[PDB]
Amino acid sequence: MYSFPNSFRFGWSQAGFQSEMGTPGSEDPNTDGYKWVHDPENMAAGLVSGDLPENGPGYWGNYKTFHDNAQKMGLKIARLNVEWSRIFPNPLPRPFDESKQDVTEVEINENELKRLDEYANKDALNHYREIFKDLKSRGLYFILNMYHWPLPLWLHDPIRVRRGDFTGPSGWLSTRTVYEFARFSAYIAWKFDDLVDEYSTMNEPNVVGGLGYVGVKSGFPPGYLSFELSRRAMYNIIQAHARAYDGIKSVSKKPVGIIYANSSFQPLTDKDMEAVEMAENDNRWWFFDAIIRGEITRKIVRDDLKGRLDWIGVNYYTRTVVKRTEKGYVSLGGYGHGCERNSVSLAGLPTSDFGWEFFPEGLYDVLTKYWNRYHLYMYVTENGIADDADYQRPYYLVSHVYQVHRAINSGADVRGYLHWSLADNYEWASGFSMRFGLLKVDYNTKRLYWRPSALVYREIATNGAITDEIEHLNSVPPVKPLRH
């Protein structure tokens, strides 16, 4: 058996936009994301699937049933977010020098919190309190994340930006967003600190910058192709994290971390290790060096950025294979997240419904890399597979959990494993077709079914271990019987 520390917790992660809607009174039309996925031109271009989030799994209304299943599954931790748009659906008065590039301080005080409170949607706040109270009543440890991609529409009209009009609300391209996000985070900690165990400011900030302004075929708003603006968005998202960290800490003593989209960079050949290091610098270290060490390029240290992190949330799905080139490195198709769907990679490893390669060793790589560089504790905040049939997920689950065990054995302080996700949900531009749940959702009835992987996870969580009887699942799904 592979046993975990007695304090180690198994659980799940979930996002508001992806899981909340689907039940009466739940629709939130007030985000960039809602506008984006409903846009007729985006649908005609195939940038978004045409599936609509309001037809989703209905956590807003059915949370007790989600929690009942998690409780029966033995889960002991959950990571969820509040949707900013639900709490502040309406424009706040303009505050503050918008032309100023750096935001080094956003003042928080009781009077300001009380004034913000006057603008908050009380029905939404109360409803989140009811959800989170129910969660805590299952004995679940609670990580509250402030931001998981959609912005209030009054801060970002993504169709205007897509069209190249920068005269309106421009999301992360504006320091106004940075300012308001810091205030929003402090406010949420002020209101919910009694229920929360740990905080994260944001989820996968690198995806917001990278897919929103470079990987524009992905269908991530605002889909405006610009290297320069991608950089501007990331610079702002970095100071927004630091100002949110300071804001939460002005009202709470609890740990504040961040959750990031990771890949394990792997060499095509034994001559490509320099490519790996470059890829890690360019996708990972530049960002964390900024919020941990204060190191940014203008190369300088910003005292207002340094030390703004207590823990690191690792989201890991697959590797990225890279090779050294004249001008630096390139990633290779046919491996990692760039494979055909339901096939095999160029390495002969099976791929998921999303075309993502089976590569659990990469999770050990990422955990140990972060540990060795920063020595901050971690949670695995996402790990999962698109697999409606459940053919690969039993192996995927056990294999990746084993690698977390290996990482802990090697010395890394990893305090939990949160699967993505408890139930199927709205997978952004791909819609409902990509099914990541331990529980399968029938979207017509909102009914939840247990995939056999859910029974496997119950064995792991309830025993706090990969037990002897399921250790054979620490292996690659047999490829012969799968499509290839």
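Quick note: we count residues from 1 along the sequence shown, nothing fancier.
- Missing deposited residues between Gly164 and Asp165: none, as the chain runs unbroken there.
- Going from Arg298 to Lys299, you skip over 1 to 3 residues of the deposited sequence that the entry leaves unmodelled.
- Two stretches are in play, 332 to 340 and 118 to 126, and the higher mean C-alpha B-factor belongs to 118 to 126.
- Stretches 357 to 365 and 135 to 143 differ in mean C-alpha B factor, with the higher average recorded for 135 to 143.
- Across the options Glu204, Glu105, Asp387, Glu228, the residue with the most elevated CA B-factor in the record is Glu105.
- Reading the B-factor column for the CA atoms of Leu151, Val196, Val214, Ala233 in the entry, the top value corresponds to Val196.
- Per-chain ranking of the deposited C-alpha B factor places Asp424 in the lowest third.
- Per the deposited record, the Cα B-factor of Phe96 falls in the highest third when ranked against the other modelled residues of its chain.
- Remark: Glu83 belongs to the middle third of its chain, ranked by C-alpha B-factor as recorded.
- Sorting the modelled residues of the chain by their CA temperature factor places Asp51 in the lowest third.
- The deposited CA B-factor of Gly247 belongs to the highest third of values across its chain.
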